[PDB]
Amino acid sequence: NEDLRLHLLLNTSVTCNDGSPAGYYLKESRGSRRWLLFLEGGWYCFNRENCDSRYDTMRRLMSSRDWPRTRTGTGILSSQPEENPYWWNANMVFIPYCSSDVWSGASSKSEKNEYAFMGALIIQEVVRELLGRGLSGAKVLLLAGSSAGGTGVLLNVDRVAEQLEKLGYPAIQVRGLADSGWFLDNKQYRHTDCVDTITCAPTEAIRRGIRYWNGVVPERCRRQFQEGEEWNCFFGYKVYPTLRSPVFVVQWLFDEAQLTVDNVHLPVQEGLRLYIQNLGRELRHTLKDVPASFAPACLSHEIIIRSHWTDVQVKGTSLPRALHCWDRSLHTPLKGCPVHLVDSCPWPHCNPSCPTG
Ligand SMILES: *[C@@H]1O[C@H](CO)[C@@H](O)[C@H](O)[C@H]1NC(C)=O
Ligand SMILES: CC(=O)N1CCc2ccccc21
């Protein structure tokens, strides 16, 4: 089944990196008042040289010119209850990541800019165009996303809420689901000064990206960190306390992209063993006061649009169940239907339900 259909944005000034129109894939579900808007991930680029390389060999992440007319909804975007016990009957939207800016940008291609970085405006424009296609009747809009798209949820969920309130739709409850987008600005296992793309740690790359992209962050977080320090708001544990919309956080404790930016590449000796155990402990610590969260002790990356997303469990509860319990909690804790699920065991795949690879 190729069930989500492409719509290029009617406002063609809201563009992917190369100026081609951005867009979204939609599968409507008549009579459902639930809307799931999913933000794709896929790293980022932060200067002309590394964006030019991404344009050669990752062009679908910078351009709509070669996008297919349809995509199959998978995982949480599946319309089959067998694959998606949580929201199989929802209106489904997949928003391709073509702005390379962790969904933060608000800059057009121009005389001075080789590329457009419009991630934050793409989300706003998708929402605006969907209102005319049934979103005006929604009761819940779940803004979800994986990897850079998960960070994109944290950066944009409150702006979607503000946008709907000020367009006159205060009854739409905006919520976020951030998958694999909760990163730590920690010490690398082996250290590299930022002199090129590979050596350059995410705090510095994001610092440069914000200026290159004209990147924007949520207002309360911006007001805390102030000018020049907005990069802090790309780190979940710093931006989450500032957010007003309910946000469910999904994060593997030993996320593969976290390990990549930490220069860890997997007989593990003591220094690396301690490094990995400390990373899991720090991640667990950052989630202690996140009431809706699912954080399994696995070495993996992304979950919610994988077809076998139903398989992993923490304390005997799967993610689709936890998300269902979250919906119920947003109607005191619920008997047998938990929403805070963080593994405490200290090594990858100490949870037997971890993805096998
Ligand atoms: C098109 O999008 C741009 C960027 O958000 C915005 O400035 C402009 O008002 C939009 N135009 C229309 C007609 O929607
Ligand atoms: C893979 C990815 O997307 N990463 C890794 C580090 C980071 C920091 C903020 C936002 C995104 C990302």
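Our numbering is plain: 1 for the first residue shown, then up by one each step along the chain.
Each Cβ is built from the backbone N, Cα and C atoms, and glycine gets one as well.
According to Swiss-Prot, the protein carries these features:
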- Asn11: N-linked glycosylation site (CARBOHYD)
- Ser147: active site, charge relay system (ACT_SITE)
- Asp255: active site, charge relay system (ACT_SITE)
- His301: active site, charge relay system (ACT_SITE)
Closest of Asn11, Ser147, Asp255 to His301 (active site, charge relay system), Cα positions, recorded positions only: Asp255
List of residues, in chain order, with Cβ under 8 A from that of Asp255 (active site, charge relay system) and at least 6 apart: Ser180, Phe183, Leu283, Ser300, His301
Unmodelled segment of 7 residues: Cα separation of flanking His331 and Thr332 in Å: 12
Where the C-beta lies under 6 angstroms from ligand 1, the matching recorded positions among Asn11, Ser147, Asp255, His301: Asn11
Those recorded positions in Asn11, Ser147, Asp255, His301 whose CB falls under 6 A of ligand 2, listed in sequence order: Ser147
Neighbourhood of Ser147 (active site, charge relay system), C-beta criterion under 8 angstroms, separation at least six: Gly41, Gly42, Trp43, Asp179, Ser180, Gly181, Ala257, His301, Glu302
Residue among recorded positions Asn11, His301 with least C-beta crowding, 10 angstrom cut-off: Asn11
Straight-line distance in Å that links Cα of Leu266 with Cα of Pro267 while 3 residues remain unmodelled: 9
